[PDB]
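Read the single chain below, which is given as structure tokens and is the form deposited in one PDB entry.
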């Protein structure tokens, strides 16, 4: 679910999903179009594609379970949709951590009109 993803993001990065990643660039918190602005935005682009791989799943509301082994995220077994959702979120959270070094506040509340064009998954 979105709230669980938000908790995962905070755990991983120390940033609040809202407002750090809810309106960032072209794809974070509300993707759609344009060339991703930076590596963080690309995390959200891939995350969006990842959810797009699951048309018959409901990633916003469906809850999954995960644990930490060391600091590593381990998705626990639930339904097929839950497992696949968890893997998408895990990847994104790790991606955000990997790219904290280039996270830029200037991409927060990024205006829609600067995001144009379709980019294929």
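Residue numbers count along the first chain shown, from 1.
Omitted here: the form deposited with a small molecule bound. The next part is about that form.
**Q** Does any part of residue 49 reach within 4.5 Å of the small molecule in the bound PDB entry? Heavy atoms only, please.
**A** Although the small molecule is absent here, residue 49 would touch it in the bound PDB entry, with heavy atoms inside 4.5 Å.
**Q** Does the 4.5 Å heavy atom contact test between residue 119 and the small molecule in the bound PDB entry come out positive?
**A** Flag for residue 119 set to yes.
**Q** Does at least one non-hydrogen atom of residue 71 fall within 4.5 angstroms of the small molecule in the bound PDB entry?
**A** Output for residue 71 is no: heavy atoms all beyond 4.5 Å of the small molecule.
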